[PDB]
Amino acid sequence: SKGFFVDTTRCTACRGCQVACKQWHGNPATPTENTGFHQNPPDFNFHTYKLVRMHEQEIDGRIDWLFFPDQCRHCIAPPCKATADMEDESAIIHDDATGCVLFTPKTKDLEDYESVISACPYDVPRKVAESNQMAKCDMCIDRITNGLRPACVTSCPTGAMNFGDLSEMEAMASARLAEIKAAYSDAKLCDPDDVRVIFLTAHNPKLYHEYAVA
């Protein structure tokens, strides 16, 4: 089974991953305006699975700018599916070989989509306007079962994004945390035991995103 290690301390917010995800999946741009921030769109939507979140933060009297390239965590025991399964076990596929949590178009037939979205501790899944269909990151399932890495990972220039077998990614995350713990005494991994997409932050996770950890 697969995993990701996302080292936010190496992200330059180049937005290569955000665009790359759209390019690979054929996702359209969605309506935005500038409301006083460089981050856009403001949040995940049906057509946007990878979102580079950007937050200015004054830390120890000095300005910093914290980046979080958000996407589904591919929870080891996915609550979105657990909920959806009460209605239709074929709506959200849990792929044994990769660990991918795959929202399918079958979500359109769910009578209770709200409960599926609220079950996500990370507030990730999104519904298209015209129906109950929902979508989110598909771990680039087609690429990863065809000898390629995810589009966002391939696109990333600084090694912030990493992909591989879960164990290797878990080990990588731990080692990287160890390397900065001294200097960044508030650094931590975000729910490292519960998810497949593991983010390292150098400060309180909530300074990166309100839903960074469960």
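The first residue of the shown sequence is 1; numbering continues from there.
Q: For the higher mean C-alpha B factor in the entry, choose 180-188 or 36-44.
A: In the deposited entry, the stretch with the higher C-alpha B-factor mean is 180-188.
Q: Ordered by C-alpha B-factor within the chain, which third holds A97? Give me lowest, middle or highest, please.
A: Its C-alpha B-factor belongs to the highest third of this chain's values.
Q: In terms of the CA temperature factor given in the entry, to which third of its chain does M134 belong: lowest, middle or highest?
A: For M134, whose C-alpha B-factor we compare with every modelled residue in the chain, the answer is the lowest third.
Q: How does the C-alpha B factor of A151 compare with the rest of the chain: lowest, middle or highest third?
A: For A151, the deposited C-alpha B-factor lands in the lowest third.
Q: Sorting the chain's modelled residues by C-alpha B-factor, tell me whether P69 ends up in the lowest, middle or highest third.
A: Its C-alpha B-factor, which the entry lists for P69, ranks in the lowest third among residues of this chain.
Q: When the deposited Cα B-factors of this chain's modelled residues are ordered and cut into thirds, is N162 in the lowest, the middle or the highest one?
A: Its C-alpha B-factor, which the entry lists for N162, ranks in the middle third among residues of this chain.
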